[PDB]
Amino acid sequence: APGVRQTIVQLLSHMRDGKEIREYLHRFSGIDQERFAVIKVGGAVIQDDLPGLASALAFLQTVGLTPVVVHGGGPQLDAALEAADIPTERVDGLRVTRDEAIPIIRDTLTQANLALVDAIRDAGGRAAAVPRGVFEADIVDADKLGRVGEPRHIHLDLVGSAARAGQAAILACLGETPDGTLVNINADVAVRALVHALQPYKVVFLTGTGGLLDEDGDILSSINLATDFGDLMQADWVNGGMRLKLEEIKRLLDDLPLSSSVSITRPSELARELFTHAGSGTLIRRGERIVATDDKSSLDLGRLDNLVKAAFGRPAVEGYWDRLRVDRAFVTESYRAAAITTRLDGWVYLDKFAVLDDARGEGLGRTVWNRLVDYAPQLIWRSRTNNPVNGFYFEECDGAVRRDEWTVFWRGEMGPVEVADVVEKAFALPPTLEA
């Protein structure tokens, strides 16, 4: 109680991710009991890597947060104890469970549950076993699915306790009925119900794969449901399986504020993912729409003049804006990330790419970038040999010429000797921000 809370202040204040951590914590003080963070976790995780999952969640709690873990039984019961005590598995719609199957489920869930609760503590944490008592559900089928039910009220009583106790709540997917009868609850429906009730600021999905994947099989860093979602469903390259993950994640995020955001990762990266503007693994949000224009008189110059001053660290120089010509402006509804292109001897030129810290974190920088380079297949830009955005530029560039102070990039398909003459012109261009 004494030594912990304190000896991480005067600890992670000498660490490198340290200031950036203290700051989510503080601002993530939309405490309200357990409004902290709901976390679904695959059954094939509690199995194939417990000590990690358990170290992961222990860190959260000893750092400040109060996770509300929910868990399934996949491998451990979809296999083992049913192909074993020989009741077999009956899949109608998707998964029924006659009377004989119940004591197997009850048995196994309270096992993994406890497995996890104890593991966390083993790993430095404080946790609380909540195997039954939260999910009150009706049995909707009877003659069909046998003994499966739907969450008709959430009981936070027991969760509430753990929260004030400094413990993580570890909840299994069993629910009584209004008459006290046991029944199974697939975790998809059960995370909806819980996440509505609590209204959390964060929603993690801990999977073995620990991510969600772009067109090129790489990890999909960030999704803007507002802009990116449409194309995403109606997209040949996104499988049916993932399409659901989406149809079902929007369903979640639409039930929460815009403060809210879901994160899919694997435990070993979960922390580096909740506390870095980088991240690791897919982060999703309702996000904002982007307005795209070429009519300057259609732009909050003063608001933008703020966006720039804030992003760069210095003020644009006098009457810079009134002069500015403007080929195309892409600005996010909130004005927290913009790109403005002028022209240069007939090349699309990136005059300002300005994005704010928290805007980078919601993955909007990326979102503005995309629409820009979906506009300008040939694009020239410069940057200071300092601006730490250079590395993001270098992976988007196709060309790059370095000098002591400036660095010109291109993203067209022209060649070293074709750009040659326009590359020189960007270097020649004068600073439009001060010292």
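Start at 1 and count along the sequence shown; that's the residue number.
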item	value
Higher-scoring stretch by recorded Cα B factor average, 197-205 or 89-97	89-97
Residue range whose averaged C-alpha B-factor is higher in the record, 146-154 or 166-174	146-154
Out of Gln76, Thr342, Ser221, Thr265, residue topping the C-alpha B-factor column of the entry	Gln76
Residue with highest C-alpha B-factor in the PDB entry, from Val355, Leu274, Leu182, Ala129	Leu182
Modelled-residue ranking by C-alpha temperature factor, third containing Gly346	middle
Assigned third (lowest, middle, highest) for the C-alpha B factor of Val4	highest
Modelled-residue ranking by C-alpha temperature factor, third containing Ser161	middle
Third of the chain's Cα B-factor distribution that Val308 belongs to, per the entry	lowest
Lowest, middle or highest third - CA B-factor, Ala435	highest
